[PDB]
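Asks: Okay, handing you the structure first.
A quick note on method: Cβ atoms are made from the backbone with ideal geometry, for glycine too, and the neighbour counts reach across all protein chains shown. Each reported figure results from applying straightforward, stated rules to the coordinates on display, with no laboratory input.
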């Protein structure tokens, strides 16, 4: 396969579950841009109870390509459907998550919420601009 990348950006997909793992993967890619995608856990079929995370997955993964910087995506699974509601979760306590799926850009206050997670126009933006 003859491919070509004239100074093209690069992304790294990392699957994790919980805050512990998320932290590990983060610190590992602390040198480069990190992107945490807090979303519900996937079922046996490989889908998130939420109809958004399932429709945003491809919207965020595809956009990540438009990125002009070497970032490191991280699929962080909050947990179960009825678990995300838990207002006493380290996600809403420490990460102070608004509404999942929540795309936070480790380093900048720029984040894309459910709606912003399904909007390719925004996904390709948060990645393009710094």
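Asks: Okay, helix-only estimate at 222 nm for the chain: each DSSP H run of n ≥ 4 adds -39500 (n - 2.57), divide by all residues, round to 500 deg cm²/dmol; what do you get?
Replies: After summing the helix terms and dividing by the residues of the chain, the value is -10000 deg cm²/dmol.
Asks: Let me ask something additional. So what's the angle, to the nearest 10 degrees on a 0 to 90 scale, between helix 51-66 and the longest Cα principal axis of the chain?
Replies: 20
Asks: While we're looking at this one, here's another question. In degrees from 0 to 90, rounded to the nearest 10, what is the angle of the helix 18-28 Cα long axis to the longest principal axis of the chain?
Replies: 30
Asks: What's the whole-number percent of alpha carbon pairs in the chain lying beyond 16 angstrom?
Replies: Pairs farther apart than 16 Å: 61 percent.
Asks: Determine which residues of the stretch 68-99 fall in the zone a paramagnetic label at residue 21 would reach in this model, i.e. backbone nitrogen under 13 Å from the point 7 Å along Cα→Cβ.
Replies: Of the residues in the stretch 68-99, 74-80 have backbone N under 13 Å from the label point off residue 21.
Asks: Related question: Shape call for the stretch 82-130 from the C-alpha gyration tensor, a ≥ b ≥ c root eigenvalues: rounded (a/c under 1.5), prolate (a/b greater than b/c) or oblate?
Replies: oblate
Asks: Remind me, relative contact order of the chain in percent, using alpha carbon pairs under 8 angstrom and six or more residues apart?
Replies: Answer for the chain is 34 percent.
Asks: Which whole-angstrom value gives the distance between the alpha carbon centres of the stretch 1-67 and the stretch 74-92?
Replies: One Cα centre to the other: 17 Å.
Asks: Label points 7 Å out from Cα along the Cβ direction at residue 32 and residue 3: separation in nm?
Replies: Distance between the two pseudo-spin positions: 1.3 nm.
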